[PDB]
């Protein structure tokens, strides 16, 4: 039943007695459900160290991964170029998922096409889909460029992308001079960040590989910036903002801010902003190229060093105090521009916030996960804050990356309880937060089910989730935030200390029980 002036949705509608009674009858009548005592017994077992040992012996089963597949990253990279349509050669189910996954994180339209390879293409290859698809895409959505990646179908059957695209031009499906860069993006290699690297390197090759003879390093007086797989709009913006405050001429290569943040003014804009084709063609004339997330830009780095002849600086992701400092100092060194008083003051304001909040942050224990560069920058900043990374998980990390993070931990007394996990998933992480409980998790929305599990054991075992990363689906507009530079460090610091204080307030809200410590001033 409903009362028309206080309508109930699913929660709390189904807590009404008649719905409760009906669901008990369904269970008892027809579900042949395990007894609740057995369910409790098994749940408790899944919180034990014995279960963790079996859990960590998995060799074939993955449960709740913390990574996605290559063409997702290819599509995000392609979106950063002016009037460019991401095009995934292969089966259309993939593109529905890529679009929906980004739709839910950015709350924006996400334009991407498929060429809808079916059983016929499974037998004969996908050449006809490529010729018709490129012609249909260009006629209908009028992009200035189509950037081609692949689904795993096209990879397994071995479609020759280069031949297919060349034949599309030779047979007149698209004009010979129409730009169609491509990359193979096999989902069974690496992860979504690998797909970003592969797609960028393909676009860079397309516009520069055969035109290097007239290039001269440093002749356009700019610095190239390659952001990598980046899902916070504030991170594109803070980099542009800082470089512009120093008067540093730059070229951001793959820039999807505008198309991921169009205004609601009565018009749908399929394309907006983005790196221009001329910016890519001219990028070898830069002074140098800075990779913002180097641990998934290895293929791009090889091309920029080997063909453009840029002496790519050895820089970490600019997260936290030290690494933002190093980023600005290196940019100052390459460009000749001094670090202006405005950024020096901004830096001191971050340090001020650190002095203000250090007593609440000291010794707090975190479990965290995400992509390799993001995770290592978060680990570094937590150490600067006097916090203790305890469980550091990077499902798509590698052994060299783990060696680098272990060295960062070893250099700080706040890393003494930290372990770095690569190749492990969020079902592994769930055991860790039961057997070696931290204070908080820092992660994406999939962490909410870990928090739910820990609370089921009891309030004193609950590990609350702090949402930083990708994807974030169950909160609105956090994709607008920043995690890089001084600005991103201030936002992370504010979120962390206020998460601590919100949780303390919850624990001290009980009147005449715990509210002796429910202080007005903290």
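Residue numbers count along the first chain shown, from 1.
- Judged by mean Cα B factor in the deposited record, 408 to 416 ranks above the other of 99 to 107 and 408 to 416.
- As the entry records it, the average C-alpha temperature factor is higher for 138 to 146, out of 355 to 363 and 138 to 146.
- Within the listed group 260, 112, 426, 248, the record reports its top CA B-factor for 248.
- Highest CA B-factor among the listed residues (94, 174, 239, 317): 174.
- The entry lists a Cα temperature factor for residue 487 that places it in the middle third of the chain's modelled residues.
- When the modelled residues of the chain are ordered by C-alpha B-factor, residue 169 sits in the highest third.
- Per-chain ranking of the deposited C-alpha B factor places residue 439 in the lowest third.
- Annotation for residue 57: CA B-factor lies in the highest third of the chain's modelled residues.
- Compared with the other modelled residues of the chain, the Cα B-factor recorded for residue 451 ranks in the lowest third.
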